[PDB]
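*Asks:* below is the sequence, then the experimental coordinates.
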Amino acid sequence: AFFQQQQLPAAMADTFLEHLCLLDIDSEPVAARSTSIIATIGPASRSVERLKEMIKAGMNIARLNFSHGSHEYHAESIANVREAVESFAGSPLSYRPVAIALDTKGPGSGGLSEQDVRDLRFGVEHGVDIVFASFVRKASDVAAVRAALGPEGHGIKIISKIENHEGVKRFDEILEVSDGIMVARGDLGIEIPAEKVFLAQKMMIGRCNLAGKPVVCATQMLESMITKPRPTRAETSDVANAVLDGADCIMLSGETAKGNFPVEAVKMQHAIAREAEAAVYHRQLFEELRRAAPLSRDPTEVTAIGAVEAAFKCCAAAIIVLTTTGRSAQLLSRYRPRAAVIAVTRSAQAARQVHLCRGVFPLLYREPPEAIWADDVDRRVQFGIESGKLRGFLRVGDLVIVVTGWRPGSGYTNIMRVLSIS
Amino acid sequence: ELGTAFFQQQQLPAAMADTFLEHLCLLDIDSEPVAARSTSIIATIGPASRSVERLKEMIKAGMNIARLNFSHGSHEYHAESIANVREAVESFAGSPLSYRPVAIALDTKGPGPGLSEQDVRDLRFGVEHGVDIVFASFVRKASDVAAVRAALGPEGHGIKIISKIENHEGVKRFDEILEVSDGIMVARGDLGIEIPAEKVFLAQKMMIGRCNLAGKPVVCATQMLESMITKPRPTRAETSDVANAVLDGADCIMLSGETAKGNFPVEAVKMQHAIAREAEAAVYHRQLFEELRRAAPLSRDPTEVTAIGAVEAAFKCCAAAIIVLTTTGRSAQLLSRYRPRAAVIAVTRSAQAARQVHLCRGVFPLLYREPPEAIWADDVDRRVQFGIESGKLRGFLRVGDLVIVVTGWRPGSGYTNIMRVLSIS
Amino acid sequence: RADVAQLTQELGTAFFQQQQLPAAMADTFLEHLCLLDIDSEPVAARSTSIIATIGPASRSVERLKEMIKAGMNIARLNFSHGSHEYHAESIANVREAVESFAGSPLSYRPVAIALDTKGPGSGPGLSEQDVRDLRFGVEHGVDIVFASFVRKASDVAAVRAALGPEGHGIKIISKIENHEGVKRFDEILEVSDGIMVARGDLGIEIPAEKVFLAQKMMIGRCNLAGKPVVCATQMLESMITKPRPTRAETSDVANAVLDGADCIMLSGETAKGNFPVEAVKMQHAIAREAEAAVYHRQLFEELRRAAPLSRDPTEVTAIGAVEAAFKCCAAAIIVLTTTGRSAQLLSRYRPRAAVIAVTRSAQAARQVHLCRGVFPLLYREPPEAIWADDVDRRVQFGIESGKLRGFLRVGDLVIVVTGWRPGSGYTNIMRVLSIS
Amino acid sequence: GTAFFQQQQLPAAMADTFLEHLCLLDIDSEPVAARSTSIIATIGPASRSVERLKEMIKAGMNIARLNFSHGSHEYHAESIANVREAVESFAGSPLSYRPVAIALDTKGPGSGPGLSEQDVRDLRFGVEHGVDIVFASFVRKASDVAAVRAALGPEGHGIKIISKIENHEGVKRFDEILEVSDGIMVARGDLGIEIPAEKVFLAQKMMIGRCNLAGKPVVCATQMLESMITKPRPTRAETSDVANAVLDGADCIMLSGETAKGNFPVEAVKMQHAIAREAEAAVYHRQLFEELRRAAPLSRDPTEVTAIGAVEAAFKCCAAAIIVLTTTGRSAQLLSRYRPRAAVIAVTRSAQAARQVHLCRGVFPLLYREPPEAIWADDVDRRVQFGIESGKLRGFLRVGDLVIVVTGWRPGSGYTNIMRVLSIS
Ligand SMILES: O=S(=O)(NCc1ccc(Cc2ccc(O)c(O)c2)cc1)c1cc(O)c(O)cc1-c1ccc(O)c(O)c1
Ligand SMILES: O=S(=O)(NCc1ccc(Cc2ccc(O)c(O)c2)cc1)c1cc(O)c(O)cc1-c1ccc(O)c(O)c1
Ligand SMILES: O=P(O)(O)OC[C@H]1O[C@](O)(COP(=O)(O)O)[C@@H](O)[C@@H]1O
Ligand SMILES: O=P(O)(O)OC[C@H]1O[C@](O)(COP(=O)(O)O)[C@@H](O)[C@@H]1O
Ligand SMILES: O=P(O)(O)OC[C@H]1O[C@](O)(COP(=O)(O)O)[C@@H](O)[C@@H]1O
Ligand SMILES: O=P(O)(O)OC[C@H]1O[C@](O)(COP(=O)(O)O)[C@@H](O)[C@@H]1O
Ligand SMILES: O=C([O-])C(=O)[O-]
Ligand SMILES: O=C([O-])C(=O)[O-]
Ligand SMILES: O=C([O-])C(=O)[O-]
Ligand SMILES: O=C([O-])C(=O)[O-]
Ligand SMILES: [K+]
Ligand SMILES: [K+]
Ligand SMILES: [K+]
Ligand SMILES: [K+]
Ligand SMILES: [Mg+2]
Ligand SMILES: [Mg+2]
Ligand SMILES: [Mg+2]
Ligand SMILES: [Mg+2]
């Protein structure tokens, strides 16, 4: 029964053609949904009660579009998101962090606009986790956004939105200085011929997967759901293909900001992503990611590939990793393991931000500390296991891979352990 | 010899990549497509696309197959649609540069446990009006195909049966259905209501993969450019859906309400043409050809053996085209199954085969009507030269290009066994 | 180039030109062959063990010391010739020569003693002389038995029974020497600790032109099973009378290593020949060249794809450790082992990194020479009061011996493999350490 | 049949990995294909008798090597006469006649920097006596090859120059030497004294790999069966060395003292024949063909394009043979470079080309002696029929087998462009 579920007959195929031939509509997904969902907040999804339903439906990142609305309007949206998120904090083993992303208005006819400088300052003051920077055309645009965030915004992730020909052509220099990329298909589809957007999307997703940096697919993914309860055949196909392409995140704009079915749009992205993730041809994907990833003498990078290799060898249910900044979980995510990456962190901001990396399930650790560092490490690993059991990730008898470091503080991950559950 | 400009166009840097990941990383929006569009476009005929003048614009935009939906309209209405399509097609007979055959496909209303009374009458109408293809609705098992085949009377055994897979049973019994069908249509409208909407992409990719493995045509259908029924431009999901159906391996893509009742039928055809050309250049031929070669069983049929040798030869020299002589279309279909980058120019004396080969990706039919030569070798040479002269006129070929030529050792269908490399003079 | 650019800048272009690294990084086997370079010098310690047959030309303590220095790892006693008294003296001389280097524990080299049986002769199974010789082996503490003319699984059960309850730790390497042994190979390998491709008799029992097929098949199946395989007989035959081998002989040794042999053997070349030390030196020189020429990129991918999925933590840790070693060009993998099993599971994935096995068992230290790339370090210190401290001391002993022997340098990355509790069977940890 | 797929290591040939290919090798799986790696036997006192030479031809000798390091011109002229007498003694049966090449192996430069005066005289003797190949000793750079070519003069333009790599400089300048040579010999005797003995296998495998990539012949030479100079059976290392040279990709294997001065010249030829046949069946064609195809550059030469199409077609149908018509041997060489499992039966009127194609693995030359038919197409057909009849007599072909036939569009060398699938009747 285990080998008939989650497209495992198609996963064992010797060629990609045979993998496609073996895909089965009766093979049910079992793994937790890996691709994060970004939902845009607006009049249709601003109330605390509506936000609670969206969190239950699968929303991982809340997007605030600063192209519309005042600072007062967005501050109320942030407060409502935080109230809805904290309403589930009573159960620490099941609590779900939700990131807050600020999407800038952009340069307009201008580099960094004066309104963007004020909006970025607002983001820092309100503790946003991510900035989706509009119309990034070159590396200096990213440096300007970084400078506008100031010293208090050093920890905020900058996701550069590629929306025109110049951004596509200067992609490599933009990716090098950014934390990640958004394929902003709305403007991109007006700036370049509509029939070429898929080439830009597939190229950017491939390059981000090679670099090990998050990539978001955005705009008109479930467009018809703004007025209809069910999407078109092209829309379900688009969501599935963005996941198959390698997108870390998928996004909803008008579907959740102003549409009549915001919760149903989130539920639809969740259902499609789970089916598409099981249909990923890991046999070729892992080999190519492993071959293309450069040789490294960084112990976190070395431990990450050893852990992902070990996970595939034993069909590990999960890789439990301790992380301060999210980096150790990001380096595991870049190899696209089938095993869920359960990231245990004390940083509330890192827990929200790791939603940018596919297959990372953040667990915010709020248990009392242990006096002995080694006991504190062991307790965080046990917390990951207990949360895993509660959420359905793990069962007694499963094997897990545990990734830890030799001393406290970020940057010292160097250990991988094989553990039998209970 | 060819120049650096040649190797920068049609995604050739991405085509030479050693891995699929590197292939994706090398896709370039500035690398322009050069080859003729190989995935056929099926447009549904209705009130928005029925007039002769509107049909001429749709043919110019790229329509290759006209679909008649027998779920609506009388026999009289459909006979007039057929007459209008034929009048629009024949209006280009005076110019070899613009003349193109257009297939006529009859899409049945559907079943009841099996073949309905209305379907028997509509299939008889198809035979009497000389339709080329039948898109059989709600095919659930092999016996449904046998019933459609039987209903094609004594006169319509040459009509192609494309089985529409629209429910759970059709997906589960896919192998037995494909074995007896000429091809398949992934009918996503009903399929997306019969099975969970989030599983349709799995059924689509599986069926396209199995049809590619079997060497039989597969059509992707329904809601591909849906918003274009009322809007002049499609959504980002719609352009993505068209491109991904071509990348998946679909031989044909379809338009339903977009051309039958929408406000922008011609623009919807133009959009599918533009996307298909971009997607065809982005196909990763290096792995695709290797996997088609490895999965296809060994064969002692000379047509199959010649076809793989010809496709291999075409890749070796970047051949502009593979010119094949065919009476039934079968030799061109066996070349098409290996997905060559070179256009397959099929020279035939059969008007029906010329229309039907639009079902196979990359086949460009040329109907030949010269009186037969007394010396057979001279008749063959005249047809090969006709494919070369049509290719030069249409922009496929230039003097100095290499072409692969596929013929047989004697007249009559079934003897293809020769592949030749010719330098265009 | 992008996959090696940062490490080329850090380690230097000279590092990536040595040990056939351009050939090892090639994308195809054809390109791997085209990139093999006679100017690319081997740097790693020799990983394929050398078995030398003891006889009149290699029996003295002084001669044995030179053979140990030349590279002999396993001493073979051929019980087809000589009395029990003769073989007991050979064993005593080997042990005296080996223990002459024991003064320095950070550099000491263990040497295994293998007993090669006379065989069944015209009989159907275990002969009476073999029963007596196997009892002699147990009484004299031999490490390995090379069982002659093994034709079926019941032959190895008979050898095991003849070793008795005191010889349970002795490794049984079945010699395949005839058509029946080749045909029943799978059942024989299943119950054996390893195999010897005994080409002398095999080349008379089956057509001489088919021996290479049997050799390559048996080596491939042993590599797939993760069990040691020995290539034997006439490898450097002409060196029995000449100081230099023929072109076919050097080719044969190189190809046995490339095929995947864990051990290579010398028979008449060391037992009665005029150049025993030179024959060992020649096998050592060829094996280091051939080990560097192994196409690890495809070999590791195929060993990974063919090896079944496993829920054994030692197996899971071993593949993760070998993967980690390749990622950073690790100089070595240091493993703690009681029986040798954790080092054997690392060896089956054919890492380029040396497997430094720290053990308290003198017998396991001798026996691990059967597994390619395992360098045994015998730890003699009494246990620390705290088990975690005792484990740490053994890892540090491996690092310090590694630095002393030239295996490790300051700045190198090393992979360390340990377990969660004392006793054999609990290896489950892989650590990445930077050498200071 | 199941029996067909159990022979010639076909279970190991279908394996998905090289490791599984090795695990499936079976000593009971008998070779069926004709031995494709040519055997070069050195002529000396043990192999100069006309009667002894007839036995060596029957045992499998394809090329006779004359070592000009020993003996006068008078001695070599008598060796040539004896070889030709033994070869022509079988010319009364044209369907089974076996051509045998004559190669002149030069003394070398000695202490000099380039072409010696004795080599100039010996090369002129070779041209005057019609030798087919020159094995040029101690080639260290491209200018050494140009000097040999100049010494052969205008009458020796058709002689093949195989450069012997025997020292460090020759290995380091390998690429420039191969570029101007017809092929290479890995001369392991001197190479094993010029560089460390333990490094010779690296130089051998590298040179064979580079020659296979370039599509040029490579010979493995010296001490392959050394002990057979005095003993009736070789050592285990010697049989292994011969098998591994064939597995490495050598087009030819050589015997020196084993045939020139030993007591078992015929048995040494028989031993190389037996081992080569076993090793050829053990070649992992699945990865070999894929890598040769991928590494071979794109080409606009019709002979090159036809060759890859023909080899691909042969593998698709398990063709028993590829029958090719050739004037210079070039069309057969281009088929050989793709290492087909099918025998390449080369039909030629050039006695010199028939002898020289023995340098290319898997090429079986057939010398056609009939004068030309008045109708060129009939002359082509008669030569193809001669190939089929010779193939049936020699055991290459049987009724029911499929063959690939490679011909050209006009008479004369350089115009191969046609591949045809033929059923043997
Ligand atoms: O050669 S193919 O085009 N690709 C084969 C291929 C695919 C997935 C992976 C896994 C992976 C690796 C790296 C990645 O970065 C990544 O995102 C994913 C590896 C190789 C190909 C070969 C066929 O035989 C065939 O029938 C259809 C297609 C085909 C069609 C449509 C598609 O959209 C498509 O994916 C492929
Ligand atoms: O990584 S390997 O070396 N395989 C390389 C390989 C690949 C394809 C082909 C087909 C071919 C032939 C010649 C060609 O020139 C060419 O392009 C292609 C053959 C070998 C290898 C992997 C294993 O899993 C294993 O157990 C053993 C070995 C191994 C050992 C000794 C050898 O002498 C050896 O040949 C390989
Ligand atoms: O992923 P990051 O940010 O590098 O954090 C990993 C770090 O977490 C740990 O596992 C635990 O560290 P703390 O005890 O400080 O939380 C360290 O050993 C390791 O260096
Ligand atoms: O694709 P099909 O229907 O088998 O037709 C291919 C046939 O066409 C030819 O090339 C030409 O035949 P005709 O002259 O009869 O048209 C035959 O030699 C070959 O058998
Ligand atoms: O390779 P083996 O025989 O399984 O030994 C590995 C064992 O060695 C250890 O690393 C150390 O064990 P000891 O302290 O008993 O020597 C164990 O944790 C592990 O189980
Ligand atoms: O291999 P080569 O030397 O190029 O010879 C191939 C030539 O042989 C032929 O098949 C027959 O030519 P001839 O009739 O002159 O022998 C030509 O059509 C072709 O050009
Ligand atoms: O700005 C965006 O998100 C877009 O244009 O898609
Ligand atoms: O009938 C159709 O075309 C459908 O249901 O998609
Ligand atoms: O017994 C042996 O060692 C042999 O036959 O090779
Ligand atoms: O000259 C030769 O043949 C040699 O040195 O091997
Ligand atoms: K915005
Ligand atoms: K219908
Ligand atoms: K013995
Ligand atoms: K000479
Ligand atoms: Mg925008
Ligand atoms: Mg329908
Ligand atoms: Mg023996
Ligand atoms: Mg020499």
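*Replies:* It's in. Residues are numbered from 1 along each chain as shown, chains lettered A, B, ... in the order given. Ligands and ions are numbered 1, 2, ... in the order given.
*Asks:* what residues sit buried inside stretch A:143-151?
*Replies:* By neighbour count on 16 or more other Cβ atoms under 10 Å in any protein chain shown, the buried set for stretch A:143-151 is A:144-146, A:148-149. Bear in mind the C-beta positions are built from the backbone N, C-alpha and C, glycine included.
*Asks:* now the stretch 201-350 of chain A against ligand 17: closest residue?
*Replies:* Using Cβ to the ion, the closest approach of the stretch 201-350 of chain A to ligand 17 is made by residue A:313 at 38.9 Å.
*Asks:* how about the contacts made by that residue?
*Replies:* C:309-310, C:315-316, C:319-320 (Cβ atoms under 8 Å, 6 or more residues apart in numbering or on different chains).
*Asks:* which residue ranges form the strands in the stretch 51-200 of chain A?
*Replies:* For the stretch 51-200 of chain A, the strands defined by DSSP state E, counting those that start in this stretch cover A:59-65, A:99-103, A:130-133, A:157-162, A:180-184.
*Asks:* mind checking the SS state of the residue in the stretch 201-350 of chain A that ligand 13 sits nearest to?
*Replies:* When distances are taken as Cβ to the ion, the stretch 201-350 of chain A reaches nearest to ligand 13 at residue A:313, 40.2 Å away. The three-state label given to residue A:313 by DSSP: H, G, I helix; E, B strand; the rest coil is helix.
*Asks:* how close does it get to ligand 4?
*Replies:* For residue A:313, the distance to ligand 4 equals 50 Å [Cβ to the nearest ligand atom, to the nearest Å].
*Asks:* distance of that residue relative to ligand 9?
*Replies:* In terms of Cβ to the nearest ligand atom, residue A:313 sits 37 Å off from ligand 9.
*Asks:* now do the contacts for the residue nearest in space to the middle of chain A.
*Replies:* In chain A, the centroid-proximal residue (Cα atoms, centre = their mean) is residue A:356; its distance is 2.7 Å. Shown in contact with residue A:356 (Cβ under 8 Å, 6+ apart): A:36, A:61, A:99, A:130, A:157, A:159, A:179-180, A:214, A:216, A:248-249.
*Asks:* how about the closest residue to chain D within the stretch 201-350 of chain A: what's its closest non-neighbour residue?
*Replies:* Closest approach between the stretch 201-350 of chain A and chain D, counting by Cβ to the nearest Cβ: residue A:283, at 12.1 Å. Using Cβ to Cβ, 6 or more residues apart in numbering or on different chains and skipping residues adjacent in sequence, the residue nearest residue A:283 is residue A:11, 6.6 Å away.
*Asks:* now residue A:122
*Replies:* Closest to residue A:122 by Cβ to Cβ, 6+ apart is residue A:71, at 5.3 Å.
*Asks:* residue A:319: what secondary structure?
*Replies:* strand.
*Asks:* who does it form a beta bridge with?
*Replies:* Assessed by DSSP bridges, residue A:319 has beta-bridge partners residue A:341, residue A:401.
*Asks:* make sure the residue of the stretch 201-350 of chain A closest to chain D is indeed in a helix.
*Replies:* Yes - if the criterion is three-state DSSP, then residue A:283 is within a helix.
*Asks:* and the longest helix for chain A?
*Replies:* helix A:373-391 (DSSP state H).
*Asks:* can you list the domains in chain A?
*Replies:* A:34-276, A:282-420 (automatic domain parsing).
*Asks:* and of these, who's closest to ligand 10?
*Replies:* Of all these, it is domain A:282-420 that lies closest to ligand 10, at 40.0 Å by Cβ to the nearest ligand atom.
*Asks:* for residue A:408, which non-adjacent residue is closest in space?
*Replies:* residue A:373 (6.0 Å).
*Asks:* now do residue A:308
*Replies:* Counting by Cβ to Cβ, 6+ apart, the residue nearest residue A:308 is residue A:335, at 4.2 Å.
*Asks:* surely that neighbour and residue A:286 touch.
*Replies:* Yes - Residue A:335 is within contact range of residue A:286, at 6.5 Å (criterion: Cβ atoms under 8 Å).
*Asks:* more neighbours: which of the two?
*Replies:* residue A:335 (23 against 18; other Cβ atoms under 10 Å in any protein chain shown).
*Asks:* that one in helix, strand or coil?
*Replies:* Residue A:335 - assigned by three-state DSSP - is coil.
*Asks:* tell me the contacts of it?
*Replies:* By Cβ under 8 Å, 6+ apart, the contact list for residue A:335 reads A:286, A:289-290, A:293, A:304-305, A:308.
*Asks:* and these as JSON lines, adding secondary structure?
*Replies:* JSON lines is the format used below for those (three-state DSSP):
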{"residue": "A:286", "secondary structure": "helix"}
{"residue": "A:289", "secondary structure": "helix"}
{"residue": "A:290", "secondary structure": "helix"}
{"residue": "A:293", "secondary structure": "coil"}
{"residue": "A:304", "secondary structure": "helix"}
{"residue": "A:305", "secondary structure": "helix"}
{"residue": "A:308", "secondary structure": "helix"}
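*Asks:* which of those residues ranks first by neighbour count?
*Replies:* Busiest of the contacts of residue A:335 [other Cβ under 10 Å] is residue A:304, holding 32 neighbours.
*Asks:* wait, it touches residue A:336, no?
*Replies:* No - the pair residue A:304 / residue A:336 is not scored as a contact, 11.8 Å apart, by Cβ under 8 Å.
*Asks:* now do the shared contacts for the two.
*Replies:* Common neighbours of residue A:304 and residue A:336 (Cβ under 8 Å, 6+ apart) do not exist.
*Asks:* re earlier: quick one, phi psi at the residue nearest to residue A:308?
*Replies:* The phi and psi values for residue A:335, taken as degrees, to the nearest 10, are phi -90, psi 0.
*Asks:* what's the spacing between it and ligand 15?
*Replies:* Distance of residue A:335 to ligand 15, given as Cβ to the ion, to the nearest Å: 31 Å.
*Asks:* and residue A:278, by the same measure?
*Replies:* Counting by Cβ to the ion, the gap from residue A:278 to ligand 15 is 32 Å.
*Asks:* count of neighbours near that residue?
*Replies:* Neighbours of residue A:278 (other Cβ under 10 Å): 24.
*Asks:* next one: residue A:221
*Replies:* So residue A:221, with other Cβ under 10 Å, has 27 neighbours.
*Asks:* and what of residue A:110?
*Replies:* Residue A:110: 10 neighbours (other Cβ under 10 Å).
*Asks:* show me what residue A:103 is bridged to.
*Replies:* residue A:65, residue A:132.
*Asks:* was I right about residue A:78 contacting residue A:66?
*Replies:* No - in this structure, residue A:78 is not within contact of residue A:66 by Cβ under 8 Å, at 12.0 Å.
*Asks:* neighbour-wise, which of those two wins?
*Replies:* Higher neighbour count among residue A:78 and residue A:66: residue A:66, with 25 against 19, using other Cβ under 10 Å.
*Asks:* which two in the contacts of residue A:356 are spaced the farthest apart?
*Replies:* Between any two of the contacts of residue A:356, the greatest separation by Cβ to Cβ is 14.4 Å, found for A:36 and A:179.
*Asks:* who has more neighbours out of those two?
*Replies:* Neighbours per residue (other Cβ under 10 Å) separate residue A:36 from residue A:179, with residue A:36 holding more: 26 against 18.
*Asks:* contacting residues for residue A:156?
*Replies:* Neighbours of residue A:156 in contact, by Cβ under 8 Å, 6+ apart: A:123-124, A:128-131, A:149.
*Asks:* wait, residue A:65
*Replies:* By Cβ under 8 Å, 6+ apart, the neighbours of residue A:65 are A:40-42, A:103, A:253, A:257.
*Asks:* of these, closest to ligand 14?
*Replies:* Using Cβ to the ion, the contacts of residue A:65 come closest to ligand 14 at residue A:103, 79.7 Å.
*Asks:* what about that closest one, neighbour count?
*Replies:* Neighbour tally, residue A:103, other Cβ under 10 Å: 25.
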